[PDB]
């Protein structure tokens, strides 16, 4: 049967392998709500990446987040081992009670299933371009330096180095990374940045077009540094729709590397085939597919499975 791997309506998935519990975890947006009204985050766990189990709700706006009142979207997570104990840094965006536009916050836990404790305030509350939105946060640790970075943005892509405690960015390090040019048919930047490292190369994934469109797709670029500049790949489409297999708008991806192996998976959402003209933008489902690297370092276009 394969895809979707998560039941019901879920989107914008983040994927993690926990060296603490030796299990895989997916942290999506709770979808199925009009105007992306989901106000809480779920966690789904797996031992094998085939069978997925829903765990407890980790964060609810208002209840667990004093500054936010809803629109809990598109989280990311980082697992670090510090002084022999595993720590989790969960970043997300939400609507503040001030209604001053979406903001990015951070919650911490000692387990990938929580309990998670929010900082008490957002950590990113303005655009480095003056435009776009402060959403679609991603977190990455540079394996070369050990430095951690946040990436984010709708309309723009930005990156900044995180402070040692992971609770704030170093404002002076902020770089506007937005890939220039492109079209809705190629790599025009919309949102959902995702960053990985493999064999000396930094890979930058992002989504093109709108989530309610069947043309919602993943593209990539590379750099020799976690803060770019991003060189868009000659052939940049990683994942695009396959209407002949009823796969529509497959994007807003995350990337899983199999622990201690050069085996990679792309985790994304797609528009549920029964909702193409019935709220496509908020009836999405989480999928997984293998992602292979060519000998030269380029990414082989993912064959999405129905």
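Numbering follows the first chain given and starts at 1.
**Student:** Averaging only over Cα atoms, indicate whether 118-126 or 152-160 has the higher B-factor in the PDB entry.
**Tutor:** For C-alpha atoms only, the mean B-factor is higher in 118-126.
**Student:** Hey, which bit's got the bigger mean C-alpha B factor in the entry, 42-50 or 24-32?
**Tutor:** If you average the C-alpha B-factors of 42-50 and of 24-32, the larger mean comes out for 42-50.
**Student:** By the entry's C-alpha temperature factors, tell me which of 131, 102, 81, 170 sits highest.
**Tutor:** The C-alpha B-factor peaks, among 131, 102, 81, 170, at 81.
**Student:** Could you say which of 200, 179, 212, 193 has its CA atom at the highest B factor, as listed in the PDB entry?
**Tutor:** Of 200, 179, 212, 193, 200 has the highest C-alpha B-factor.
**Student:** Grab the CA temperature factor for residue 86 from the record and place it in the lowest, middle or highest third of its chain.
**Tutor:** It belongs to the highest third of the chain when residues are ordered by C-alpha B-factor.
**Student:** How does residue 63 rank on Cα B-factor within its chain, lowest, middle or highest third?
**Tutor:** Within its chain, residue 63 is a highest-third residue by C-alpha B-factor, going by the deposited values.
**Student:** How does residue 236 rank on Cα B-factor within its chain, lowest, middle or highest third?
**Tutor:** Its C-alpha B-factor, which the entry lists for residue 236, ranks in the highest third among residues of this chain.
**Student:** By its CA B factor, does residue 291 count among the lowest, middle or highest third of the modelled residues in the chain?
**Tutor:** For residue 291, the deposited C-alpha B-factor lands in the highest third.
**Student:** Residue 136: which third of its chain by C-alpha temperature factor?
**Tutor:** Ranked within chain, residue 136 CA B lands in the lowest tercile.
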